[PDB]
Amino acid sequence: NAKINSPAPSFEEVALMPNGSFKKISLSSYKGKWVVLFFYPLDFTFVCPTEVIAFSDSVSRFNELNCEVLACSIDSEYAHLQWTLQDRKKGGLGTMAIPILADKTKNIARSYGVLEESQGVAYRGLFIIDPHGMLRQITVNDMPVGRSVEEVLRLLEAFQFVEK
């Protein structure tokens, strides 16, 4: 389970890459970089996916801070792909600048302790992981409330300021 100042739970799982391909991604492959790993409940929700899009539209701000961003849900990689092929205007995801993990077994959500067991979907959890793979901050929102790109960046800069 996920704990501050302990190594963030490991995973190696299929993800939809920004280019549209499927690829296995391990957490340890990010060693040497900061990582913002964030979960969302379901693809194709009647929610306007503004939240997932917001993070994708902002990758480079995180990148300038040596931070990679990674999305995740219990949906398949095909579901992910289909959502990106769908129009943003029509409620789709459109192009993504970040990978989206396909947590098909729900185990990543489980290890990060964000799985709603009765629904089989993940809460809006977000985790900041340092270059050493250490879990440094936990944010978990109930389904109906989104996270803030600004806030995560606030936190990132703060953490990096302390390291300097």
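Residues carry their position along the shown sequence, with the first being 1.
For the two regions 151-159 and 136-144, the entry's Cα B-factors average higher over 151-159.
As the entry records it, the average C-alpha temperature factor is higher for 87-95, out of 72-80 and 87-95.
In the PDB entry, the Cα temperature factor peaks, among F55, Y112, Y123, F38, at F55. Sort the modelled residues of the chain by CA B factor and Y30 lands in the middle third. Among the modelled residues of the chain, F44 sits in the middle third by CA temperature factor in this PDB entry.
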